[PDB]
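What follows is one structure encoded as structure tokens, with my remarks underneath.
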Ligand SMILES: O=C(O)CNC(=O)C(=O)O
Ligand SMILES: [Mg+2]
Ligand code: NI
Ligand SMILES: [Zn+2]
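Residue numbers (the deposited numbering): 11 to 341.
Following this line, the structure appears as structure tokens:
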């Protein structure tokens, strides 16, 4: 078995190897990358996502989200308070303000310490989940707006044609902006490219150990657990590395820098935070190996998780028994 300790692997494809996306994902899996739940891909030196980022300030963040925490430093939830629209140029100025900027620090580890110590005492503002792409249309390799669609993968694998579309999302972050512990919708893969700015630190649980994280989460968030049998689908709970270590939960961590891709694998729980002003782009995707994870994915039916139009068909075809109850939660 390749990568039996489930370490995060880092890949350096050549420009030749960067041509065929599906093939390279299958290669990474042949080396055991999926066992970690997360892999880093450093693009060939010849590759670029676009020529410059000089003209992005007029992108609109229609609903910036203020991430307000409740709990204790290592075990907290966050809720998202909607704020007034602002441009990316306005948001970048805000991120660089004295109130919101990254503090002085020695290195990523020092910054990570300061994050866990201090996050809950602040409410950073996240420009998340903005439909769109920063890849130049002429970028042919690993262009997240030109991937094969999950609907087409389900059709190729299973023969059933379904409605729905699959497009990327932009994320504009600042210091302390936070992504809560989650897997993807329908336990899909994700791919995330850090276009610009300051780093993003990731934490990940190997897929084979995801249920250990779920059991800890039920213990640590007991009211939430009673409310919903899949409450991590709400994407609100945070648990620190120290707490995970105290409770024996297997995990790994890595920092992504600008110019790097990360891939999350089916049922790889992940969480993290941004170091300062940045912009990332991410999208879900599928491979043949995903289908069995899709069929087994938990679902929130309490009404909180509320997701895209396109998840309907995935539930309806892969999980017909659950369909009725899950759709009640959607309506
Ligand atoms: O970058 C973020 O805030 C969150 N991204 C992801 O969870 C992802 O790419 O799967
Ligand atoms: Mg612009
Ligand atoms: Ni994710
Ligand atoms: Zn729920």
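Quick reminder that beta carbons are idealized off the backbone N, C-alpha and C, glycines included.
Exercise for the section: Could you name each continuous alpha helix (DSSP H) segment of 4 residues or more that falls completely within the stretch 143 to 225, going from the start of the chain to the end? Expected result: You should have 160 to 168.
Exercise for the section: Could you check if residue 298 is buried or exposed, using at least 16 other CB atoms within 10 Å of its CB as the buried criterion? Expected result: Residue numbering aside, residue 298 sits at position 288 when the chain shown is read from its first letter. Exposed, because fewer than 16 other Cβ atoms sit within 10 Å of the Cβ of residue 298.
Problem - DSSP three-state assignment for residue 21, whether helix, strand or coil - result: Here residue 21 is taken as the residue at index 11 of the chain shown, counted from 1. Three-state result, residue 21: strand.
Handout entry: Coarse secondary structure for residue 333, derived from DSSP in three states
Key = In the chain shown, the residue the question calls residue 333 occupies position 323. Three-state result, residue 333: helix.
Problem - 4 or more residues per run - each alpha helix (DSSP H) lying fully within the stretch 251 to 284 - result: Complete alpha helix (DSSP H) runs here, min 4: 251 to 256.
Practice task
Might you give, ordered along the chain, the residues of its own chain that have their beta carbon closer than 6 Å to the beta carbon of residue 347, omitting 5 neighbours on each side?
Solution key: As shown, the chain starts at 11 and ends at 341. That puts residue 347 outside it, with no answer to give.
Exercise for the section: Report the residue ranges of all alpha helix (DSSP H) runs contained in full by the stretch 292 to 320; include only those spanning at least 4 residues, in chain order. Expected result: 300 to 306
Exercise for the section: Work out the CA separation of residue 180 and residue 264 for me, nearest whole Å. Expected result: Along the chain shown, one-based indexing puts residue 264 at 254. Along the chain shown, one-based indexing puts residue 180 at 170. Their backbone Cα atoms lie some 21 Å apart in a straight line.
Exercise for the section: Could you please give the first and the last residue of the uninterrupted beta strand (DSSP E) stretch that includes residue 141? Expected result: By one-based count along the chain shown, residue 141 stands at place 131. It spans 135 to 141 - the beta strand (DSSP E) in which residue 141 sits, taken as one unbroken run.
Exercise for the section: Output the distance between the C-alpha atoms of residue 307 and residue 218, rounded to the nearest integer angstrom. Expected result: Reading the chain shown from its first residue, position 297 is the one you call residue 307. Reading the chain shown from its first residue, position 208 is the one you call residue 218. Cα to Cα, residue 307 sits roughly 14 Å from residue 218.
Practice task
Let me know the secondary structure DSSP gives residue 128 once reduced to three states.
Solution key: Start at 1 with the first residue of the chain shown, and residue 128 comes out as number 118. In the structure shown, residue 128 sits in a helix (DSSP, three-state: H, G or I).
Practice task
Please determine, among 337, 70, 280, the residue with the shortest C-alpha to C-alpha distance to residue 47.
Solution key: Taking the first residue of the chain shown as 1, we reach residue 47 at position 37. Nearest option by C-alpha distance: 280.
Practice task
Using alpha carbons as the reference points, say which of 232, 171, 286 lies closest to residue 210.
Solution key: Here residue 210 refers to the residue found at position 200 when the chain shown is read from its first residue. Ranking 232, 171, 286 by Cα distance to residue 210 puts 286 first.
Problem - alpha helix (DSSP H) segment containing residue 237, residue limits - result: Reading the chain shown from its first residue, position 227 is the one you call residue 237. Residues 232 to 237.
Exercise for the section: Verify whether the separation of the beta carbon atoms of residue 98 and residue 182 is less than 7 Å. Expected result: Residue mapping note: residue 98 aligns to position 88 of the chain shown, counting from 1. Residue mapping note: residue 182 aligns to position 172 of the chain shown, counting from 1. If you check the CB distance, residue 98 and residue 182 come in under 7 Å.
Handout entry: Residues bridged to residue 87 (per DSSP)
Key = Within the chain shown, residue 87 is the residue found at index 77, counting from 1. According to DSSP, residue 87 bridges with 80, 247.
Practice task
Count the C-beta pairs between the stretch 26 to 40 and the stretch 93 to 108 that are closer than 8 Å, then say yes if the count reaches three, no if not.
Solution key: no
Exercise for the section: Could you tell me which of 202, 227, 25 sits nearest to residue 293, measuring between CA atoms? Expected result: The count along the chain shown starts at 1 and reaches residue 293 at position 283. Nearest of 202, 227, 25 to residue 293, Cα basis: 202.
Problem - residue 200 beta carbon near ligand 3 (any heavy atom closer than 6 Å) - result: Locating residue 200 in the chain shown gives position 190, where the first residue counts as 1. Yes - ligand 3 has a heavy atom lying nearer than 6 Å to the Cβ of residue 200.
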